[PDB]
Amino acid sequence: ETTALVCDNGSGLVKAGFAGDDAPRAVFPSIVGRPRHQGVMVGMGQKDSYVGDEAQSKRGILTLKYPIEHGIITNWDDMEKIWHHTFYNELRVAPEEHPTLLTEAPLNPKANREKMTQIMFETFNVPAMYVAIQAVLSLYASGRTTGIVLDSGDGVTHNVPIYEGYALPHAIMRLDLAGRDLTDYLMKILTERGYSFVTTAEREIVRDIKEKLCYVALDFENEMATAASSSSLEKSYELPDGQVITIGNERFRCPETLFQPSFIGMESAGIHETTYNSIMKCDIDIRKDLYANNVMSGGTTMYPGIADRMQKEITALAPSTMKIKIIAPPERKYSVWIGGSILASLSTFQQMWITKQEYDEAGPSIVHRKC
Amino acid sequence: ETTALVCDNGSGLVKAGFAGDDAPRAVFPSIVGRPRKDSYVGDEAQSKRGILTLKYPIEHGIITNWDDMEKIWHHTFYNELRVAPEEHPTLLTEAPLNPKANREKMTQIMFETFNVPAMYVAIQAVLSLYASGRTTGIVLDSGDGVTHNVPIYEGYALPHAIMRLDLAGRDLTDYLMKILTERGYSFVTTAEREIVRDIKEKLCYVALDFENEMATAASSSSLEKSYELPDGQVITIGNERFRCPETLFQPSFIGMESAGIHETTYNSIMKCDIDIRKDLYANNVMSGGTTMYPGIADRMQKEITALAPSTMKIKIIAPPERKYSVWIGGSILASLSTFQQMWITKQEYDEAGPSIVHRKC
Amino acid sequence: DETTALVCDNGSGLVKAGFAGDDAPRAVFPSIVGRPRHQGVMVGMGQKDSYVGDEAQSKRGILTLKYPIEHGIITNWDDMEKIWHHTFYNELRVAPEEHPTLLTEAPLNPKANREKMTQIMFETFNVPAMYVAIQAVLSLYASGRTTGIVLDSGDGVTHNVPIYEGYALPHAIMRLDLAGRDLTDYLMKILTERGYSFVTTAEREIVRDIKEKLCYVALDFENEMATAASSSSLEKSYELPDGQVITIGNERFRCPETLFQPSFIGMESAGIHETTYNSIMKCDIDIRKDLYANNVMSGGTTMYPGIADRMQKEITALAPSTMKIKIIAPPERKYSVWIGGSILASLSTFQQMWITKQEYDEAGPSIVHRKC
Amino acid sequence: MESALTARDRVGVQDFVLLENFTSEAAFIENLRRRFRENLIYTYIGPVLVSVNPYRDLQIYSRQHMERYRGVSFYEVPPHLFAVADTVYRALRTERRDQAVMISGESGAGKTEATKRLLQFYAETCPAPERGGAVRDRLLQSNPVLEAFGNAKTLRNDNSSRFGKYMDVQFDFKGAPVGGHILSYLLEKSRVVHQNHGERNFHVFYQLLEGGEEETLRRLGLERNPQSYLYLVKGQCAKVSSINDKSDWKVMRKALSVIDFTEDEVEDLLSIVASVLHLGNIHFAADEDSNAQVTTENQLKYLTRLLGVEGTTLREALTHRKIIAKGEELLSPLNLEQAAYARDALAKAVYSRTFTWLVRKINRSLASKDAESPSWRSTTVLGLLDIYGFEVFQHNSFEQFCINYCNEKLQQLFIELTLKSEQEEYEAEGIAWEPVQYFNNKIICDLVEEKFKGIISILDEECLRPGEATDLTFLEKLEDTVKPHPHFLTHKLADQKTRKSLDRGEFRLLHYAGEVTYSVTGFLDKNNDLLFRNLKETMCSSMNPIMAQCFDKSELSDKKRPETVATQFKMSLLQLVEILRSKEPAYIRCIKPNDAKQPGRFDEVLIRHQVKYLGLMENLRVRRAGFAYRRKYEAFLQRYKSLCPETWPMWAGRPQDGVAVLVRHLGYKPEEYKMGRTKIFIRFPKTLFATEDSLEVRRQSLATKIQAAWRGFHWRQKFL
Amino acid sequence: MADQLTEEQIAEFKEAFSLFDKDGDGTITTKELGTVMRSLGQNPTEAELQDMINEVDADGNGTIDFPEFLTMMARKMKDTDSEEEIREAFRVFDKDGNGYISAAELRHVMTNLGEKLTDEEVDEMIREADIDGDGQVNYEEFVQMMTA
Ligand SMILES: Nc1ncnc2c1ncn2[C@@H]1O[C@H](COP(=O)(O)OP(=O)(O)O)[C@@H](O)[C@H]1O
Ligand SMILES: Nc1ncnc2c1ncn2[C@@H]1O[C@H](COP(=O)(O)OP(=O)(O)O)[C@@H](O)[C@H]1O
Ligand SMILES: [Mg+2]
Ligand SMILES: [Mg+2]
Ligand SMILES: [Mg+2]
């Protein structure tokens, strides 16, 4: 073998596989679990820590942690455990054979790339690697040279505007709010019905409520009126122990935090204003071309009704004659991956990867010259 | 030689043997008789019970009488197992939330009276998982002196979700000694507790619906059964056959405030985190002698099905060898290759004194 | 009185009640309803089917004792009505329709708790005007401060609410269902290590009285554990109601340490020191400094000896060292929420904020979600 | 003997300790090829015979050769099977300790021929040849009966013995062969119930189904197709062209007759073999308590007729574990895993016991009719042992793991005895032990067998540990507990370079025969032998005469849990070792020179594997010790005294001092030789070959002197 | 040096030499020197004879005189090869050391090795080495017959 690896490490789930695949081979939570409790059955062969679907299976005995928070790697020992598990347990390949494409968010600390680069060359010994900005990959998963991408993952939401292959880096806008902050708001508003979720193992239950039940209100003050005056919007979820939750306005007060970050206590404007102020910060005669081309990606763009509310809201800010389109592909949870497999199969980018030779010549500051 | 000893001293019977066996060799009542020899022990005392004041040195899993508990360990090793304890490491059992002095003085007496080479003390409901072949489940151990619940998941205990009930088979004997006096049968002496225990062990069963068995016995004699005493007087018993095992489901019959064995089990499962509960409802293990009544796994399934959500599957694991399951699990544990690193040695006891059990066990 | 405001801090372990304008509450009673266990035999006695407060707790031996409130949630509304009835009729001795009544609640509560407190207060006690405060905002009214972060620690709830210059910050509010009852149920477990089998709902109150008298917070927990493991001088004797003299040793500072290590009780949540710092570093653009300068401690589990010095030490290890971490522990801090509600309901400006009986006729029990 | 060393360029060295580059395996295999081309199939490593199969009727076994090797010391003659045969007989007549001969090799390497021909030398030359010939025929006519029940087809050969066969001949104080004995050790009884791909079960089942009267099968499960039975078909290999199962059955059925099985004893024995087939077809299902119950009645309909037990009792025994405590007996039910293991443990136990009973039935037919008891003078046994070779396949498994641990333990014993046998002579002759370094077999037996950390004690725990348990969880515990060991490796412990050769779900041992890689899949299923007391208590009640003798009532007293197959194998192996430590073993090691079964073809690519599997290079290392050669000064001086003027024709005094002047004339440097208490030692064969090459030129002068003397005498005879 | 010939020994040597002279020329053939020495019971090797003949063949003629015959006689009389050396030399060709050699093994070494018997001389040797006709020679007895 010689095919490239790709690793879309992003905040919530790891995604990994080979360039030229359709879809990731590994898709698992970016968690490390460590035992919370007194080990008592001798001879069990209990491990010191559990990663991904092992930790997501054994939740009740583990304190779960994610090393990535807001797209920034906060714990390198846990992140090296996630990368070792990715190569060795999920893909079952030696990293020393394969050039590796990593992904990350715009406006991240420069330390995060340097330490990724150092671990890929000094701990996993890859022959060559690269870092690519996630919303660029999501643009080029779409088969487009021009567009603005909203890329709400688990921990960060960014808009990147790209015109005929050129990013406009002054019109990049980043918001440190996404699906993990929505799970933490849903924990807050679920306590109003009387349900209590407090452990990290319960945060993963509330995340699963949110992915199955929540949806985006095409007019929040009208769904608020319909939920305050009927049982027509309420749905139920069966917990692991068979208790039955029921929720109504909690289904759309959570997703509405994307449009009103003041619910979570932030001053910054919603994803619709953040998008529009990225389009209006661009040059006057490339705006018409970005309004026609709002790609969306990452899982926090997956709610029923979110493309419709986003299309309603940018149409409310834009000139009356503009043809707004929002490109929400069915697979948009994997567009950063699909982009990474394509923009690593290309013959023209095989000269763009950082080689271990160039790392030995310059140390970990090599990524800022290259990427 | 140098195999391990395994010894479940619990409250009513000593069960003892070696880690290699299918089942224990010594099974005798945890009794010292004194004249009413200067003392008699176990099956010797239970046979000569007319002339004796039979005292049990364990009450509610606590050793209350160390001089008579030394006689029971002396009879265990030297008469029943017939070995020198200096050659064998010894696995003892204990109840969960016991006093710390009970472990300290067990440990001091194994190292300074029996010269044992290495020892360990294990929780009874923990051992009763090994005999069940499981590493996930909630174990209701219910002996003579203690009923307790230990919840375990993937081989980790939940020590905050442990529940203990100072009510088991001896409180049921002593309640059958109360409710049988309503038929004009008198049982007062320590030797008459053994006769009434032998009644409980033969005639009692757990009613599936108590208030309907009450009405059934009031209607007709079909629930009445008979037991010849050792002088050939015949005792006939009826309503009193299911009143006694009901005291596990209704600790109010004996004047305690505690919830029944069904609610004490549910209240451990509710002290466990949401993810674990579905696996505990499918793995309610039962062990020790007061779990032996006809109908008790059926009543426990009926009572926990009414507490647990209707989409859960409730299963209660009640093996025929329930009585020996604590000891059988001790035989498995003392056999494990991984466990041989975990014995307290006499060399560590010389460094740390009796306090070492709180660090190791 | 004409219409002096009733102030009823119906807390999770104690009902604290009085009239606004008094220095401190008139009624302070255990929040318990008790019913007899054993059947009555002395036919000439006027035996009641239920006892409440002091009537239940002076008779605890023969009663099974139940609280209506668990973790600030009213779990049993009938035992609740029996306790408010006892408060108005027996303890304060006034008709509730003649007095406007301030109630208190913990933050992040179930919404059916405010609605049912409201509904009972109009449709049963016929109160003329009612409002449902939040307890940590009352300990600032009590402290005479517009700014602070309040650690309020009851029988059933611990919570941190940051208020800066009169504005609460509802994203930064932390709640921890761990307080004086969890510490009592864990002292019942600690005392098993010397064989004391406290098990009845009556003996829970004996273990509570040990916790109120011998328990304290270690300034350094591993240093006190090493001290208790090597000396007798930390031990204290306690005389149980019948005359048995118990002895308590490391068991007395290992109980309060569960506020700083909830993992002792088997919880995954962080200690009260981390839950304070994790709320200050949830605060907005300007304010983080002035909350470190005003950590206000409130409610009965903040009464332990050594808790202010421990909280000051534990937050000083998390917070940036140029900051002054200053912790406010007034001697009255067990009544601080009631004293606070006595200031609020006395305010000339507050008098438009009451839900009035008329407003509950114009709109249903949801009115407390609009007015508070 | 040195007479052959002049021809060492074509005929090779006779004993490999004389091959000069003794650490070169390529020279060892070259000296084997050099001899085998020359038809010299026998060579020593000191006393150990190395043999290579001629695939030809060489005339060397005839009566004229036996008496050539009779009463002659084994290094004063060329190597032969009869030089081992005579030496083993003389040690019996003279030390009167018991003697053994390990015949060793690959399957097909000629082990049969060595055993048949040793039992010819002890028949055709011993002082009761009529009884000796009868004991030979009773020892050899047992072969079809043991071969049907204990050989199976593997990936490597069609007819491989899966047990350690033993055969004594019993001798009195007069050296008369009085009788024999047979025993059988370490049978691969896992093969009854599980076979690897391309491998059959033991030969009798396919013999029975392929060859048999319709009325003989009609009393049993009568469907002729061997795919009908789960225990015959797991290997997918049932039909094969190289094995004429119909003819093999007709030979074996007549061998049972001729061995004195009465017809009813064969009908009993066929009924046991058919009971083992039917035990495989029992299907369990779980009722709503997750407890196993027999679903299919047609197996049990015959198992009552054939095993001779009560059907309601066999149903209960296959589905409940009986415990006995306080005098009560408690039937705890089995789950589907335990009930499958109970059925397969009963098949393994019924089969390994009818085989042990065939070996008793035969052995009791070899024993003496005489009383053999005091004041009878003495009796001594001379034995042949024939246990399986080291075993490396494409996919090694639990059977190979046991076979290779057995061969490791036998190699350990053998190298300890060889090292002891050299060191006792260095001490006796007063030579310093110049310390050889050699592969230390102790470390790799401690890795397999050490009481609470060996692979077997970890595997015994994985069958006994609570919770769900897998071959991968076993491996994950080896990887944690064995971890730093030098002879152990796995895909996790392997460096990135070696990790290409080794899969996940495998571990690797370094054995004396090099590395072997074991797949863990099936280790837990193969190690479980859950024969509960309830199953033995059923079987001891049987109406079938064999099963009644196989499951005795006294065995039911044992209160231990059922031991695992690796633990039973460890215990039985250490009993085979103490039998070989007490006894005096000779060794024969057999090489198969090509896999085509062909004359003259020597295939070094195959012979390198056997020479490695037989450990011949490690034995040569230890036997060679510090010195290639040693000989008594009398024997060395009477040979080479013609080279040094002072010693010729007769030396002046003590032979050691005659050698001490002779080796000074030959100019041996001080490190090339040593002078022991009664032997000269020579360090390198260089020195010896040069001395025999000095004697070869000296023969010209010796012959010249004889011819000059004759030509002088000739005149005085022919005239006057 | 070692010994000097007595007039009676010179007379015996001259008397034997006269049978090889016969016609009265007083001279013997260069190879025939061995035959007269062997008639006189000496055991010379062909190599010894040739190594002495090299000192007298130098003028051709093919024959040697009585004085130089008497000199070459006196040279070999220093060291005639004796019974115990001859016996032990046979003991090196004996394969067992048993004291007997087969007619075939003797026929082999006597034709193969230095100074070689011709097949006629081997048959003449075997004719009285195989003394009682069983096919083996007892070399220990044969040497004491041969060296008398
Ligand atoms: N068949 C039975 N039916 C009901 N109770 C039983 C039965 N067998 C034993 N018991 C009761 O079980 C108790 C002993 O259980 P055991 O497991 O041995 O507890 P312990 O170890 O403390 O002695 C005694 O009170 C005894 O009377
Ligand atoms: N001096 C004290 N020392 C320790 N604990 C105390 C002390 N005084 C009260 N407590 C505990 O505080 C709790 C009562 O506090 P309080 O604020 O009145 O509770 P609540 O408002 O929820 O009803 C009880 O658990 C009580 O035991
Ligand atoms: Mg991700
Ligand atoms: Mg007991
Ligand atoms: Mg309070």
# chains A, B, ... in the order shown; residues from 1 in each chain; ligands from 1
call {"tool": "residues_near_ligand", "arguments": {"ligand": "ligand 3", "cutoff": "12 Å", "atoms": "only C-alpha atoms and all ligand atoms", "output": "VMD selection string"}}
result
chain A and resid 7 to 16 24 26 to 31 52 66 to 73 82 102 to 105 134 151 to 156 178 to 180 297 to 300 333 to 337
call {"tool": "residues_near_ligand", "arguments": {"ligand": "ligand 2", "cutoff": "6 Å", "atoms": "only C-alpha atoms and all ligand atoms", "output": "PyMOL selection string"}}
result
chain C and resi 11-14+154-156+180-181+208+211-212+299-301+303-304+334
call {"tool": "closest_residue", "arguments": {"among": "C:207, C:285, C:179, C:234", "to": "chain A", "atoms": "only C-alpha atoms"}}
result
C:285
call {"tool": "select_by_dssp", "arguments": {"residues": "segment 432-535 of chain D", "states": "alpha helix (DSSP H)", "output": "ChimeraX atom specification"}}
result
/D:441-449,455-462,471-481,523-527,533-535
call {"tool": "write_last_selection", "arguments": {"atoms": "N, CA, C and O atoms", "output": "short mmCIF file (atom, residue, chain, number, x, y, z; two decimals), in the first residue's frame"}}
result
data_model
loop_
_atom_site.label_atom_id
_atom_site.label_comp_id
_atom_site.auth_asym_id
_atom_site.auth_seq_id
_atom_site.Cartn_x
_atom_site.Cartn_y
_atom_site.Cartn_z
N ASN D 441 16.48 -24.46 27.11
CA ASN D 441 15.08 -24.90 27.03
C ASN D 441 14.26 -24.60 28.30
O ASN D 441 13.03 -24.53 28.26
N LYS D 442 14.91 -24.37 29.45
CA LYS D 442 14.25 -24.05 30.72
C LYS D 442 13.32 -22.84 30.59
O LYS D 442 12.17 -22.89 31.03
N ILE D 443 13.78 -21.79 29.92
CA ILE D 443 13.10 -20.49 29.82
C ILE D 443 11.77 -20.61 29.07
O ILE D 443 10.77 -20.01 29.45
N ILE D 444 11.74 -21.42 28.01
CA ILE D 444 10.56 -21.66 27.17
C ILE D 444 9.60 -22.69 27.77
O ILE D 444 8.39 -22.59 27.58
N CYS D 445 10.06 -23.64 28.59
CA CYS D 445 9.14 -24.44 29.41
C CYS D 445 8.55 -23.64 30.57
O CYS D 445 7.36 -23.74 30.81
N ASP D 446 9.32 -22.80 31.26
CA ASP D 446 8.78 -21.89 32.27
C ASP D 446 7.76 -20.91 31.68
O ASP D 446 6.74 -20.64 32.30
N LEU D 447 7.98 -20.41 30.47
CA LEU D 447 6.98 -19.60 29.78
C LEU D 447 5.67 -20.37 29.58
O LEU D 447 4.60 -19.79 29.74
N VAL D 448 5.71 -21.65 29.23
CA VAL D 448 4.49 -22.43 28.99
C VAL D 448 3.84 -22.91 30.29
O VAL D 448 2.63 -22.84 30.41
N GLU D 449 4.62 -23.33 31.29
CA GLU D 449 4.11 -24.16 32.39
C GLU D 449 4.21 -23.56 33.80
O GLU D 449 3.68 -24.16 34.73
N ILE D 455 1.80 -19.67 30.18
CA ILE D 455 0.71 -19.63 29.22
C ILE D 455 -0.40 -20.59 29.62
O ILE D 455 -1.56 -20.21 29.55
N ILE D 456 -0.08 -21.80 30.09
CA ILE D 456 -1.10 -22.77 30.50
C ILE D 456 -1.87 -22.29 31.73
O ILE D 456 -3.08 -22.44 31.77
N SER D 457 -1.24 -21.67 32.71
CA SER D 457 -1.92 -21.12 33.90
C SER D 457 -2.75 -19.89 33.61
O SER D 457 -3.74 -19.64 34.29
N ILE D 458 -2.39 -19.11 32.59
CA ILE D 458 -3.22 -18.03 32.08
C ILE D 458 -4.40 -18.59 31.28
O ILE D 458 -5.53 -18.14 31.45
N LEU D 459 -4.19 -19.60 30.44
CA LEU D 459 -5.26 -20.24 29.67
C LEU D 459 -6.24 -21.03 30.55
O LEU D 459 -7.44 -21.02 30.30
N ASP D 460 -5.76 -21.67 31.60
CA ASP D 460 -6.57 -22.33 32.62
C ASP D 460 -7.46 -21.31 33.36
O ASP D 460 -8.64 -21.55 33.55
N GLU D 461 -6.92 -20.13 33.70
CA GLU D 461 -7.71 -19.01 34.22
C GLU D 461 -8.77 -18.53 33.23
O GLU D 461 -9.89 -18.29 33.64
N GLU D 462 -8.48 -18.39 31.94
CA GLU D 462 -9.47 -17.91 30.98
C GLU D 462 -10.67 -18.85 30.79
O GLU D 462 -11.75 -18.40 30.42
N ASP D 471 -10.89 -15.93 22.93
CA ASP D 471 -9.50 -16.18 22.56
C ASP D 471 -8.68 -14.88 22.46
O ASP D 471 -7.50 -14.84 22.81
N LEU D 472 -9.31 -13.78 22.03
CA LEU D 472 -8.67 -12.47 21.97
C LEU D 472 -8.48 -11.85 23.36
O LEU D 472 -7.47 -11.19 23.60
N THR D 473 -9.38 -12.09 24.32
CA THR D 473 -9.21 -11.64 25.70
C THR D 473 -8.09 -12.41 26.40
O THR D 473 -7.32 -11.83 27.15
N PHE D 474 -7.95 -13.70 26.09
CA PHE D 474 -6.81 -14.52 26.49
C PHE D 474 -5.49 -13.93 25.97
O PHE D 474 -4.56 -13.68 26.74
N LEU D 475 -5.43 -13.63 24.67
CA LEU D 475 -4.24 -13.03 24.06
C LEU D 475 -3.91 -11.67 24.68
O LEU D 475 -2.77 -11.41 25.02
N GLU D 476 -4.91 -10.83 24.91
CA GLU D 476 -4.74 -9.53 25.54
C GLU D 476 -4.19 -9.64 26.98
O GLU D 476 -3.49 -8.75 27.44
N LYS D 477 -4.42 -10.76 27.67
CA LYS D 477 -3.84 -11.08 28.97
C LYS D 477 -2.44 -11.68 28.87
O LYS D 477 -1.59 -11.33 29.69
N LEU D 478 -2.14 -12.52 27.88
CA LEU D 478 -0.76 -12.89 27.58
C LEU D 478 0.10 -11.65 27.31
O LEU D 478 1.16 -11.48 27.91
N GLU D 479 -0.39 -10.74 26.48
CA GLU D 479 0.28 -9.49 26.14
C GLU D 479 0.52 -8.57 27.34
O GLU D 479 1.41 -7.73 27.28
N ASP D 480 -0.24 -8.71 28.43
CA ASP D 480 -0.05 -7.93 29.65
C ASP D 480 0.84 -8.63 30.68
O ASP D 480 1.61 -7.99 31.39
N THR D 481 0.74 -9.95 30.79
CA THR D 481 1.40 -10.73 31.86
C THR D 481 2.74 -11.35 31.46
O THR D 481 3.64 -11.42 32.29
N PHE D 523 -8.66 -21.72 21.00
CA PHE D 523 -7.96 -22.13 22.22
C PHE D 523 -8.93 -22.38 23.37
O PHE D 523 -8.84 -23.45 23.98
N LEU D 524 -9.86 -21.48 23.68
CA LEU D 524 -10.79 -21.71 24.80
C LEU D 524 -11.75 -22.88 24.55
O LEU D 524 -11.93 -23.71 25.43
N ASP D 525 -12.31 -23.02 23.35
CA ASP D 525 -13.16 -24.16 23.01
C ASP D 525 -12.42 -25.50 23.09
O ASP D 525 -13.03 -26.51 23.45
N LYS D 526 -11.13 -25.54 22.76
CA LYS D 526 -10.33 -26.77 22.78
C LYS D 526 -9.78 -27.10 24.16
O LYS D 526 -9.65 -28.27 24.49
N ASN D 527 -9.51 -26.10 24.99
CA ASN D 527 -9.00 -26.32 26.35
C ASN D 527 -10.06 -26.78 27.36
O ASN D 527 -9.71 -27.40 28.36
N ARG D 533 -19.11 -34.79 37.20
CA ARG D 533 -19.32 -36.07 37.90
C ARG D 533 -20.63 -36.75 37.53
O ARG D 533 -20.70 -37.96 37.48
N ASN D 534 -21.64 -35.97 37.16
CA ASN D 534 -22.94 -36.44 36.68
C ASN D 534 -22.85 -37.30 35.40
O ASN D 534 -23.61 -38.25 35.23
N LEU D 535 -21.92 -36.99 34.50
CA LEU D 535 -21.70 -37.71 33.24
C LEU D 535 -20.96 -39.01 33.50
O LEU D 535 -21.34 -40.05 32.98
#
call {"tool": "interface_residues", "arguments": {"of": "chain C", "to": "chain A", "cutoff": "6 Å", "atoms": "only C-alpha atoms", "output": "ChimeraX atom specification"}}
result
/C:110-111,171,268
call {"tool": "select_by_dssp", "arguments": {"residues": "segment 24-194 of chain B", "states": "strand (DSSP E or B)", "output": "PyMOL selection string"}}
result
chain B and resi 26-29+32-35+40-41+52-55+58-59+62-63+90-94+118-123+137-142+147-153+156-157+163-165
call {"tool": "write_last_selection", "arguments": {"atoms": "C-alpha atoms", "output": "PDB file, in the first residue's frame"}}
result
ATOM      1  CA  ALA B  26     -17.003 -28.715  55.955  1.00  0.00           C
ATOM      2  CA  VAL B  27     -20.639 -27.552  56.247  1.00  0.00           C
ATOM      3  CA  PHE B  28     -21.691 -27.258  59.884  1.00  0.00           C
ATOM      4  CA  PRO B  29     -23.629 -24.747  62.025  1.00  0.00           C
ATOM      5  CA  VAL B  32     -20.648 -23.413  70.290  1.00  0.00           C
ATOM      6  CA  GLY B  33     -22.622 -25.338  72.900  1.00  0.00           C
ATOM      7  CA  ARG B  34     -21.620 -25.087  76.612  1.00  0.00           C
ATOM      8  CA  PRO B  35     -22.971 -27.371  79.457  1.00  0.00           C
ATOM      9  CA  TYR B  40     -18.992 -28.631  71.910  1.00  0.00           C
ATOM     10  CA  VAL B  41     -18.872 -27.244  68.310  1.00  0.00           C
ATOM     11  CA  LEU B  52     -26.549 -27.205  75.986  1.00  0.00           C
ATOM     12  CA  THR B  53     -26.867 -23.445  75.748  1.00  0.00           C
ATOM     13  CA  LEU B  54     -26.176 -23.035  72.011  1.00  0.00           C
ATOM     14  CA  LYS B  55     -24.508 -19.660  71.272  1.00  0.00           C
ATOM     15  CA  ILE B  58     -21.658 -14.118  64.689  1.00  0.00           C
ATOM     16  CA  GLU B  59     -24.779 -11.944  64.880  1.00  0.00           C
ATOM     17  CA  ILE B  62     -20.280  -9.173  63.099  1.00  0.00           C
ATOM     18  CA  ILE B  63     -18.138 -11.432  65.312  1.00  0.00           C
ATOM     19  CA  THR B  90      -6.820 -18.642  53.528  1.00  0.00           C
ATOM     20  CA  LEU B  91      -9.665 -16.774  51.779  1.00  0.00           C
ATOM     21  CA  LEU B  92     -12.223 -15.542  54.354  1.00  0.00           C
ATOM     22  CA  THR B  93     -15.615 -13.941  53.469  1.00  0.00           C
ATOM     23  CA  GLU B  94     -17.406 -10.871  54.943  1.00  0.00           C
ATOM     24  CA  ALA B 118      -1.059 -15.426  53.439  1.00  0.00           C
ATOM     25  CA  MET B 119      -4.775 -14.429  53.654  1.00  0.00           C
ATOM     26  CA  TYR B 120      -7.525 -12.304  52.085  1.00  0.00           C
ATOM     27  CA  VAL B 121     -11.071 -11.147  53.066  1.00  0.00           C
ATOM     28  CA  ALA B 122     -13.674 -10.983  50.226  1.00  0.00           C
ATOM     29  CA  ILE B 123     -17.234  -9.545  50.095  1.00  0.00           C
ATOM     30  CA  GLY B 137     -25.379  -7.900  37.798  1.00  0.00           C
ATOM     31  CA  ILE B 138     -26.886  -6.991  41.159  1.00  0.00           C
ATOM     32  CA  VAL B 139     -26.391  -9.688  43.790  1.00  0.00           C
ATOM     33  CA  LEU B 140     -28.885 -10.206  46.620  1.00  0.00           C
ATOM     34  CA  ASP B 141     -26.940 -12.276  49.141  1.00  0.00           C
ATOM     35  CA  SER B 142     -29.230 -13.351  51.994  1.00  0.00           C
ATOM     36  CA  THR B 147     -29.244  -9.527  53.582  1.00  0.00           C
ATOM     37  CA  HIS B 148     -27.240  -7.284  51.240  1.00  0.00           C
ATOM     38  CA  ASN B 149     -27.153  -6.020  47.650  1.00  0.00           C
ATOM     39  CA  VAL B 150     -23.928  -5.285  45.762  1.00  0.00           C
ATOM     40  CA  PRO B 151     -24.414  -3.887  42.206  1.00  0.00           C
ATOM     41  CA  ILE B 152     -21.480  -4.631  39.832  1.00  0.00           C
ATOM     42  CA  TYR B 153     -20.971  -3.521  36.203  1.00  0.00           C
ATOM     43  CA  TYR B 156     -16.501  -2.578  38.882  1.00  0.00           C
ATOM     44  CA  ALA B 157     -18.521  -2.288  42.102  1.00  0.00           C
ATOM     45  CA  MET B 163     -27.443  -1.651  50.331  1.00  0.00           C
ATOM     46  CA  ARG B 164     -27.406  -3.655  53.601  1.00  0.00           C
ATOM     47  CA  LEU B 165     -30.360  -4.982  55.613  1.00  0.00           C
TER      48      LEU B 165
END
call {"tool": "residues_near_ligand", "arguments": {"ligand": "ligand 1", "cutoff": "6 Å", "atoms": "only C-alpha atoms and all ligand atoms", "output": "NGL selection string"}}
result
:B and (10-13 or 143-145 or 169-170 or 197 or 200-201 or 288-290 or 292-293 or 323)
call {"tool": "residues_around", "arguments": {"residues": "segment 548-563 of chain D", "least_positions_apart": "3", "cutoff": "9 Å", "atoms": "only C-alpha atoms", "output": "count of residues only"}}
result
33
call {"tool": "atom_distance", "arguments": {"atom1": "atom CA of residue 287 of chain C", "atom2": "atom CA of residue 108 of chain C"}}
result
22.5 Å
